[PDB]
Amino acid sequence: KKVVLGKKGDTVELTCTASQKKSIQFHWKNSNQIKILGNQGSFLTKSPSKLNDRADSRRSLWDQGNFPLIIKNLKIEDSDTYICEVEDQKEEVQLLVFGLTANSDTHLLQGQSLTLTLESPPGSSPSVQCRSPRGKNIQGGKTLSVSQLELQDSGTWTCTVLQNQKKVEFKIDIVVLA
């Protein structure tokens, strides 16, 4: 079904919009029928999930038939296919959380090599396309490198992973010491 990409450490909001008469009974569950949250009358209730203290919704939206599932401080283990059920209507949203890190000092000496590491959820195979501060571009799957670093390559870069038509931007400031 629908796929949503989120960033490690960020917040993502998965959507759930009804159709039938406005606002009713609802709940979100992960792949294996483990309730994450839902309503108790006019209120929210969080089940004791592995995400409780980072899972939430937006009560005001419920009246407009919208029951979102917001997860903060995302871990890549949060990738799963989540399920929203409103009355009888059911919906699925696969969340793929990615990370794009750099162990290469971040402040490098000219002629050095930087290496970026895309951290993906199990099974995930995407693609990373970093545009340097000067239009040059690299590409990879889990790692990308530029082994001949210029000073003028200092600044922000734009790495963008892809998975299922959707994509996320990942900006990093590369500092080049002369």
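Quick note: we count residues from 1 along the sequence shown, nothing fancier.
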Which has the higher mean CA temperature factor in the PDB entry, 122-130 or 38-46? 122-130
Identify the stretch, either 63-71 or 50-58, whose C-alpha atoms have the larger mean B-factor according to the entry. 50-58
Which third of the chain does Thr81 land in by C-alpha B-factor: lowest, middle or highest? lowest
By its CA B factor, does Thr101 count among the lowest, middle or highest third of the modelled residues in the chain? highest
Binned into thirds over the chain's modelled residues, the C-alpha B-factor of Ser147 lands in the highest
Sorting the chain's CA B-factors, does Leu162 end up in the lowest, middle or highest third? highest
Report the third (lowest, middle or highest) to which the CA temperature factor of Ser19 belongs, ranking only the modelled residues of the same chain. middle
